[PDB]
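**Q** I have a structure I would like to understand better, so I am pasting it below and will then ask my questions one at a time.
4 protein chains.
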Amino acid sequence: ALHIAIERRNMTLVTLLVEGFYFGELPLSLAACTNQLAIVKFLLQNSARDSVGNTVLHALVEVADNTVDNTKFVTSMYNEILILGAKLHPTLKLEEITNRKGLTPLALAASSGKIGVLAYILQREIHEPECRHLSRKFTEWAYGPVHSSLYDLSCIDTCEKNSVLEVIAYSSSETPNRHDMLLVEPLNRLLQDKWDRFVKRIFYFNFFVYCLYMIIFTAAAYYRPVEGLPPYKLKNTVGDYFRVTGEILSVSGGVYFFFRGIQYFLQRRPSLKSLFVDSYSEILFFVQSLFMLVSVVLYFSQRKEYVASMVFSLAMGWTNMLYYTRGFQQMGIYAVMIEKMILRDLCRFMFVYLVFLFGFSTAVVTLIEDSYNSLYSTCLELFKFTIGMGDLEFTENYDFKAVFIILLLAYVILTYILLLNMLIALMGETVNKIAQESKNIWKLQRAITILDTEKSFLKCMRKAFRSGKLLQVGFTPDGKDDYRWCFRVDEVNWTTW
Amino acid sequence: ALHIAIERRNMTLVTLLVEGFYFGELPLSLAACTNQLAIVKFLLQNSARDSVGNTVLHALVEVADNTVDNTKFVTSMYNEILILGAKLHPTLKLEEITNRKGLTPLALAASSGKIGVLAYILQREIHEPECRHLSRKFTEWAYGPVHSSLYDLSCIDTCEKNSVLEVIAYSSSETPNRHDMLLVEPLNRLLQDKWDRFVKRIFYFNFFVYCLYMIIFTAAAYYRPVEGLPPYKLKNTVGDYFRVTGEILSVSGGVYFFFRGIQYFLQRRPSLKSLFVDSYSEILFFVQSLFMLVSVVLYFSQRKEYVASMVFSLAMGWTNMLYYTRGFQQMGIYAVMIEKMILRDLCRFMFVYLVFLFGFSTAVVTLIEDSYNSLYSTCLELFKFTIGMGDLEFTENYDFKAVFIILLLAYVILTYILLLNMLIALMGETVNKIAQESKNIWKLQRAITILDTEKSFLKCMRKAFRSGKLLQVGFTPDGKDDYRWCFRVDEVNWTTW
Amino acid sequence: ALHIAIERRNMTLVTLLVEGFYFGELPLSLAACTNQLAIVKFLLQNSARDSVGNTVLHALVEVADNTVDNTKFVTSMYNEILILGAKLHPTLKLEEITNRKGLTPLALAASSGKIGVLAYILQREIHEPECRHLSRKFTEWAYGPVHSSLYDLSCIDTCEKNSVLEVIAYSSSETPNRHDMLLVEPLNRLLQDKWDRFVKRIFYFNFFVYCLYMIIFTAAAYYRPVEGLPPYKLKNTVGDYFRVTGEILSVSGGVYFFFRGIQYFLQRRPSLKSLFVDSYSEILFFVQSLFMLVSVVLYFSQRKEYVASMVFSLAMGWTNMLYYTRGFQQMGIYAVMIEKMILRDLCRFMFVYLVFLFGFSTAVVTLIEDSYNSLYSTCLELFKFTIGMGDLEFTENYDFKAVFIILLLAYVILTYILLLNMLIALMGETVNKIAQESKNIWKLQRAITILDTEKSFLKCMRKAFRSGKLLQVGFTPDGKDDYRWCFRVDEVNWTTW
Amino acid sequence: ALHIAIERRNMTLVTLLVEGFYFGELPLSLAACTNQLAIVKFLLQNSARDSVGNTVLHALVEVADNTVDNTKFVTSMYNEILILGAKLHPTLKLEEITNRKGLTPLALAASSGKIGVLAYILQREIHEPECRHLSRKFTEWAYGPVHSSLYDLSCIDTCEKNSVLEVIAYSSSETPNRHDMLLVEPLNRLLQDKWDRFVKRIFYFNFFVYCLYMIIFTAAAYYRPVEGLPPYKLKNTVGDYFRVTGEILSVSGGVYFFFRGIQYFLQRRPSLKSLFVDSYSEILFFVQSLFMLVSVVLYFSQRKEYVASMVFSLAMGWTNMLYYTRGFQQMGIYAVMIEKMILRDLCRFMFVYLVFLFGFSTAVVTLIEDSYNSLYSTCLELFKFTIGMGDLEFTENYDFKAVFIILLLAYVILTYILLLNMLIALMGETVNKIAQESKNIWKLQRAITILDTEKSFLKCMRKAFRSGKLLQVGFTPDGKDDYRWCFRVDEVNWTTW
Ligand SMILES: COc1cc(CNC(=O)CCCC/C=C/C(C)C)ccc1O
Ligand SMILES: COc1cc(CNC(=O)CCCC/C=C/C(C)C)ccc1O
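Protein chains in written order, with the authors' numbering: chain A, 204 to 222, 244 to 270, 278 to 601, 626 to 752; chain B, 204 to 222, 244 to 270, 278 to 601, 626 to 752; chain C, 204 to 222, 244 to 270, 278 to 601, 626 to 752; chain D, 204 to 222, 244 to 270, 278 to 601, 626 to 752.
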């Protein structure tokens, strides 16, 4: 009755009565979510939590499609509902109420990834002195066409459970707007300010330390003993001393990266199904650590097979230096494109190319009578065509010339001239598509680095720098108390006047 | 008189009289096809089949150009004519009348490929209780802005001769909209539902069985006897037993694919002129079967030349595994692009490159005096330049150094640096063009697989699943009887309200 | 006075008086060219040739900028002036008057390349019976929305000196619209009709004959005598007879192409500055003929150096078969792109690459002490890097390892990885730009082939086919005589009604 | 009070009182910069230099954002202020006042790079005889729709300290519009006129002289003595005489380029941080000179290591010939693209590729036991994969086959197939982006060449040609004196009428 009549958008029906689409589980949520501006007014004058913990604000954000009209009336109705909550209940902070997951409506908007409501809440301001405390953005002053704005940033830096910026950064990448979500003024300028302030220096110190670690590890690997099986007994030579110091430093760094990989996985707890896409760099750093530890295990197991794992660790550590080039803007896009291919284009192309290579490998191997008769050897001899180093007659031990050479021509036309250039065209398309995208994936993960660095910060460095500035605000009618950690930012728009 | 006056769009002329462009062969067809809304009303109040079997509805669809205004008034006039048929003759189902080809007007629209009238008929609904049975789309209910729609789907799943979806899928690809024709709501959701329901499992079972067949066939080919001429006498060794089992299984699969190719060609009966373009995969599977059967023939003919055909079958079977990757969405586009090149770009480029290669091959061969003097050998030595493995002096047995080396430089500049990169640029253009196209060619052939799988389904599996759901409809004035196999689908549009 | 006042666009000034921009050299030309609709009326009521032979129509076409407003009022004023010429002088055919160059105003519009006035004159029609003969386009009839139009085509097929289509086709390519100029209805359909009618068959007969000539010439070249110096004495063997027949046929074709090149150059007389751009194919065919004749000269000069020229002719003849692939639509674009590169991109890239190659060649040669010390040999060894067949240590006879290997690395980075891929990117840009352009350059030169084929046609084949159809037209008031060679074409536009 | 009230845009506040954003440091600058059209009128009726030397005009240009509305009202208010300066003070030339840097407001606009105000001042004209001298553009006459305009060009050719064109050309490339800034009519036509007039001939003479110098230097290098250590004693042979002449000419050119590099660096004094980006060609010419001088030093130091530096100079001189190809239009874009890559794409890709190459080099070297064991040798053997000349088994001296070959496959997939094609895609994107940009970077540096050539011109050639023409102008009310070096240019716009 109430549900059907309210959903009918009939004011008369609601006035007469009261006197799988998810829209909340209470009448207020239905009325608000259905664009009923006046019906909610009557229902209030004729902050509830539903069975899922979602209040009317949660039902508002849950329904928004992020489109222009959706964002328009959703923001408007959010404002009206929050005002009537203000006038009827000034002291109540309806936003503080959280669902089962524990997110506030702003945090819910960030989690789901709707930039409309997010930007509205971020830039919100209410002139009316009826509820002056209820404004997110405070305008400091204007001298000419200049405007020095302030933004509240209550839970954007460090909240009770999850801050807004944390949720944006640690999104599983299924959230659509994620990169664009950082473009909004307060978050963007806050990120750049934190980066320039102190996190830049720590990041370069980390980068230099990692370079130093990799250089000493490369030296210690290069000059490994070649006599006998390990472990090789310590010698009194200065070279021996430097070498044992290099090995112990390298394995210390290895276990360090191992523990950091574990603790990252525990903190984030990402889905194993989407482990690669969200976190590519961490997997590689962890696997480098794992190769180092496996190498140490095989080393003290009295096996010569330790150099196999150690060499993989050495190569992968150098090829993991790109992670630091995401600290810059110019190089970070470049590395992001390598991540995108190795995740998307290169696995595709490898499965297809392996179908082709294996088909023609088995074909030529069965054709050859019989030394290139090991299916491995023929696979290599057919792979050497892709690198432009193969030859049309690697063998002469076939009964049939026409069949063999036809097989090789068909393979070369299929892979060297056709598949490989399909990959060239596809990576051209990828660069064309993501020339704009990578510019903000870079920012997104630059934000992840900032959050990781500040999280791994002790009391002294964290107390020495907190975001924004603690500034008093408009006193509330309940107790004349409103002081917040508000950030400050400038702006000059001529049309503002 | 009637024809000329009616075509003049003069209501007065028709009222006075009655009282190579194909527009139907009766006055009603001319009046309807010429946008004469009122003239047809008088002609009715002042369902015929013409000499070609085309009724007024057939003349309507035949005339539509599928453009915005054409579709607009064609759909409108179709509605008006069908309503007047309803009021004057409620019991008559004018659409059931078919032309000589046997297609209904909806089937005719699908065959010709006009998405305008097709989408109109697919989404048609008539509120008026004057003829309530005459609505294609039935709205189940609406709780809020939710709308649970139902679509009739009379002949879209299994009709008397040809269903709508069958005609869309088995189109010769000359029909323009074919891919877009599957995007329309009922067909699209019906396809995805059928795929997810049961056809997905059968397709993966088929894919795994094909992989198993190819692996056992690869093993049986690899370990073929190398002693003497065939047939090789059975041995009591376990290896001999496994090998004979592998050979008999491989040839059984070969004859299976042979028969399936034949029966496909009989069912579809495609034009030999356009055999490749419409059906690329079937040709390859059939030719693999043909190579296997030729190999068996040469095997029991006591010839050593069986391995030639068997090896071609083995290679082509592996390279035909891409057909299954059209079952996925990510990989199917990739395989479709290979089909597109081998049909369009690669034949072009091969004819041109063969002109160039043969010209410079004959040039260098006539220049050489004389061992590279076989026109085959020089062709290979000039082909090795394309793969980046050739050399500017493969021979020294020429009287003229300048002429020979000039020929080679001109060839390399013409083919390696210029033609081959024209192919690179062309495939870049192809990917740029069809990045959107392949996304729906994939769907189109995914639909072909679904239809093929359901067609090759016995009574039990077909009766266990029929599309849509049998639900009663608005009773007709003739006998109060309207029950259809109507599909159900949800939708949420805010502007609908 | 008259000039300044008329150019002032003051009707009062002209009425009072009469009672380096090229705008014609008479008052009427100034008034018409300056948008003075009424002033010309008074000047006529208050067909001259100027010192350059340009009438008012010539001054009209000379001034048009081909833009939307320019074409609009130019076409309008052309119509008004031509009508007033009609009423004041019905018998006069003002268009027949020609300038010094001999072009009529329509021919002048075609020569200068303004598609606006050209399309207007091509599609012109005048309903008014005041001058019914003065309409270019005659509407045959309309049955429904069908319209069977007729176009006059007086001088479009075969005029006194230069036909319209001839001027469009033989344009020096500086004319901007040239390709688009053939898209206009009468010319386009006339071209396609002539092609399908008889010229298609002659073109394929020519193509097959050329293939036959090249095959017999390839055979005669391949089996040349290798003993002694020429001329080689005739032998009674059947092989000798076939070989002398092949040689005489080949040289006959060579002299044939030589004479055709000469007569083409005399007929067209193109500028030597722009000889390549306008006529690429003719230069190559002529040079093949020239190589054959030089080979015959050296052959009968008792020199073994005839095979050098003959081999160049043999290679270039095969590589000239692309000219026939411009007869098709699919392959013609492909060949046109090769023409475009060899004219534009490849000369650019060769000059730059030769600067680089010569710089590093001389560098490495001076570095080497000393066998790779011939500047030719080092140039080849550095060219072999581009084809992916070079090696970083081709020699060891250098005093300095670091300098030599640095030179080679710098060269490889500069040419193999950077210049060569600049060429790849540039040809990608070229294909991207001209994917649409080539589609109509093909048509343009397909038109050139049609004109060449019909020009080289005797009385019988020309009288057996003349374009259009001789049909009587609206009788003129002067003598009631108007019969023209009018072409016929259909059209169906719904908005026409 | 005055500042705040004026910035409030309240005319009443200013009338009542009077009776880090940079907007000038005086009330007039604030009123003008804030769009207060009327307030400045009162302030004048109720040419100051501020502490930074910026007058109201400087404050106007400093504030413009170059956007459509910004340029609109900035140009309008500039006109109004300059007129009121005219009426109140006709004799005063407010523009002549300069800031501390010495730039006039036009020069300031050019320096900052705002094309709006620049184009306005360049094309300015004032019809009103109230101040007729105050018009930049003078219209010579109009015969029909023709208009022969004149532009003043006071300080555009040769001013007191810095001309307008000089500032545009010598911009540090941080100025955004720089290329577009030369497109404006007077500057563009003035550049092309100067180029065609005399600078073209001098540039070709310089190009031919440089080619001659490089050829004689190449010859003198090629035939260097190979016996003993330098200096090689003079011989009486004619070859010895030509060789000493070649060496002395080559070193004379070397010192010439050295001095020109020094004097360029002194005149321009560009920032060492952005030395490459603004001036790529000069660095290369200077470094060629430096290599030649180092070679002479090592030559007279009795060392055989002179050929190392001389060979680098020889190679780099040839590869520096591209600088002259920026004199043409077709080739200049081509060379500019090489500059852009070697500055932007190639350093990026080299740092990443060096990370990868070094990682896998150290990996394979530590894996190898041990001749390819020098880390240099393995780096070369892994670089040879990029050029398509490497091989998967260059060595067999490894204990582990799987690990080694896995390392090589991973490297080849990472660099040859993935990184190198990321570079191909990136350079494709670069060409796509700058196909339009390079067309005007070419013009920009062609302007730099013109300015350099005229600057290095004596009294005779400079007095023989000065830009524009000295023509009298509208006499000023102060002393009836206005004569300027005004340039002349034609134009034909139909809409002008
Ligand atoms: C089987 O269906 C498909 C297959 C493919 C890829 N496979 C091919 O293109 C086969 C080409 C022929 C290669 C045979 C070589 C022999 C002579 C050694 C793409 C799309 C499909 O639908
Ligand atoms: C000189 O002005 C220009 C030159 C170029 C091309 N030249 C280069 O890029 C030189 C690169 C350095 C190559 C030197 C190799 C030595 C070490 C053997 C383009 C644009 C210009 O304006």
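The C-beta atom is built at its ideal place from N, Cα and C for all residues, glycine as well.
Mind checking whether the beta-carbon of residue 511 of chain B lies closer than 6 Å to any heavy atom of ligand 1?
**A** Along the second sequence, read from residue 1 onward, the residue named residue 511 of chain B stands at position 280. Under cutoff, so the answer is yes.
**Q** Using a threshold of 6 Å, is the CB atom of residue 550 of chain B nearer than that to any non-hydrogen atom of ligand 1?
**A** The sequence position of residue 550 of chain B within the second sequence is 319, counting from 1. Checking every heavy atom of ligand 1 against the Cβ of residue 550 of chain B, one is found closer than 6 Å.
**Q** Just the Cα atoms here: how many angstroms apart are residue 685 of chain C and residue 579 of chain B?
**A** Position 430 of the third sequence, counted from the start, is the residue given in the question as residue 685 of chain C. Position 348 of the second sequence, counted from the start, is the residue given in the question as residue 579 of chain B. Roughly 19 Å between the two C-alpha positions.
**Q** For residue 589 of chain A, verify whether its CB is less than 6 Å away from any heavy atom of ligand 1.
**A** Walking along the first sequence from the start, residue 589 of chain A turns up at place 358. No - ligand 1 has no heavy atom lying nearer than 6 Å to the Cβ of residue 589 of chain A.
**Q** For residue 653 of chain C, which option in D:326, D:473, D:266 and D:457 has the closest C-alpha, if you only look at C-alpha atoms?
**A** For the purposes of this step, residue 653 of chain C is taken as the residue at position 398 of the third sequence. Here the closest residue by C-alpha is D:457.
**Q** For residue 257 of chain B, count neighbouring Cβ atoms within 10 angstroms of its own Cβ and tell me buried if that reaches 16, exposed if not.
**A** Taking the first residue of the second sequence as position 1, residue 257 of chain B is located at position 33. Burial call: buried.
**Q** Looking at the strands, I want to know which residues DSSP matches up with residue 747 of chain D.
**A** Taking the fourth sequence and counting its residues from 1, one reaches residue 747 of chain D at position 492. Answer is D:377.
**Q** Kindly say whether residue 255 of chain C, judged by its beta-carbon, lies nearer than 7 Å to any beta-carbon of chain D.
**A** For the purposes of this step, residue 255 of chain C is taken as the residue at position 31 of the third sequence. It does not: the Cβ of residue 255 of chain C has no partner Cβ on chain D nearer than 7 Å.
**Q** If you drop the 5 nearest sequence neighbours on each side, which residues of the same chain put their C-beta closer than 7 Å to that of residue 664 of chain C?
**A** If you number the third sequence from 1, residue 664 of chain C lands on position 409. Closer than 7 Å at the Cβ level, and outside the excluded window around residue 664 of chain C, lies no residue.
**Q** When Cβ atoms are compared, which residues of the stretch 677–699 of chain B fall closer than 7 Å to chain C?
**A** Taking 7 Å as the Cβ-Cβ cut-off against chain C, the residues of the stretch 677–699 of chain B that qualify are 677, 679, 680, 681, 683 and 684.
**Q** Looking at the strands, I want to know which residues DSSP matches up with residue 725 of chain D.
**A** The residue you call residue 725 of chain D lines up with position 470 of the fourth sequence. BP columns for residue 725 of chain D point to D:740.
**Q** Please confirm whether any heavy atom of ligand 2 lies closer than 6 Å to the CB of residue 515 of chain D.
**A** Taking the first residue of the fourth sequence as position 1, residue 515 of chain D is located at position 284. Residue 515 of chain D Cβ: within cutoff of ligand 2.
**Q** Please go through the stretch 353–417 of chain B and give each complete beta strand (DSSP E) segment of 3 or more residues, from N-terminal end onward.
**A** DSSP runs (the beta strand (DSSP E)) wholly in the stretch 353–417 of chain B: 368–372 and 377–382.
**Q** Count the other CB atoms, across all protein chains shown, that sit within 10 Å of the CB of residue 409 of chain B; report buried if there are 16 or more and exposed otherwise.
**A** What you label residue 409 of chain B is simply residue 178 of the second sequence in a count that begins at 1. Buried, since its Cβ has 16 or more Cβ neighbours within 10 Å.
**Q** Give me, in chain order, the residues of the same chain whose beta-carbon lies closer than 6 Å to that of residue 415 of chain D; leave out the 5 immediate sequence neighbours on both sides.
**A** For the purposes of this step, residue 415 of chain D is taken as the residue at position 184 of the fourth sequence. So the list reads 350 and 353, once near-sequence residues are dropped.
**Q** Can you give me, in chain order, the residues of the stretch 295–314 of chain B that have a beta carbon less than 8 Å from any beta carbon in chain C?
**A** Here the close residues are 296, 300 and 301.
**Q** Mapping DSSP to helix, strand and coil, what is residue 532 of chain C?
**A** For the purposes of this step, residue 532 of chain C is taken as the residue at position 301 of the third sequence. Residue state, collapsed to three classes: coil.
**Q** Which residue marks the beginning of the alpha helix (DSSP H) containing residue 444 of chain D, and which one marks its end?
**A** In the fourth sequence, the residue the question calls residue 444 of chain D occupies position 213. Segment 431–453, the alpha helix (DSSP H) holding residue 444 of chain D.
**Q** Find out if the Cβ-Cβ distance for the pair residue 542 of chain B, residue 594 of chain A is shorter than 7 Å.
**A** For the purposes of this step, residue 542 of chain B is identified with residue 311 of the second sequence, where counting begins at 1. For the purposes of this step, residue 594 of chain A is identified with residue 363 of the first sequence, where counting begins at 1. Yes, the pair counts as a contact, with Cβ atoms nearer than the cut-off.
**Q** Would you say residue 400 of chain A touches ligand 2, meaning its beta carbon is less than 6 Å from a heavy atom?
**A** Residue 400 of chain A sits at position 169 when you count from the first residue of the first sequence. Answer for residue 400 of chain A: no, Cβ out of range of ligand 2.
**Q** Please classify residue 289 of chain A: does DSSP put it in a helix, a strand, or coil?
**A** Against the first sequence, residue 289 of chain A aligns to sequence position 58. It is helical.
**Q** Against chain C, does residue 673 of chain B count as a neighbour if the rule is that its beta carbon must be under 7 Å from one of theirs?
**A** By 1-based counting over the second sequence, the position of residue 673 of chain B is 418. Chain C contact via Cβ: present.
**Q** Anything in chain C within Cβ reach of residue 339 of chain D, meaning under 7 Å, just list it in chain order.
**A** What you label residue 339 of chain D is simply residue 108 of the fourth sequence in a count that begins at 1. Going along chain C, no residue has its Cβ under 7 Å from residue 339 of chain D, so there is no contact; the nearest lies around 38 Å.
**Q** Could you list which residues in chain B have their beta carbon closer than 7 Å to that of residue 473 of chain A, in chain order?
**A** Stepping through the first sequence from its first residue, residue 473 of chain A is reached at position 242. Simply none; closest approach about 45 Å.
**Q** Quick check on the DSSP output: the alpha helix (DSSP H) that includes residue 206 of chain D runs from which residue to which?
**A** Within the fourth sequence, numbered from 1, the residue matching residue 206 of chain D stands at position 3. Residue 206 of chain D -> alpha helix (DSSP H) spans 205–210.
**Q** Do residue 553 of chain C and residue 566 of chain C come within 7 Å of each other at the CB atom, strictly closer than that value?
**A** Numbered from 1 along the third sequence, position 335 holds the residue referred to as residue 566 of chain C. Numbered from 1 along the third sequence, position 322 holds the residue referred to as residue 553 of chain C. It is a contact, given that the beta carbons lie within the stated cut-off.
**Q** Please determine if the stretch 284–291 of chain C and the stretch 306–323 of chain C are in contact, where contact requires at least 3 C-beta pairs separated by less than 8 Å.
**A** Yes: at least three Cβ pairs fall under 8 Å.
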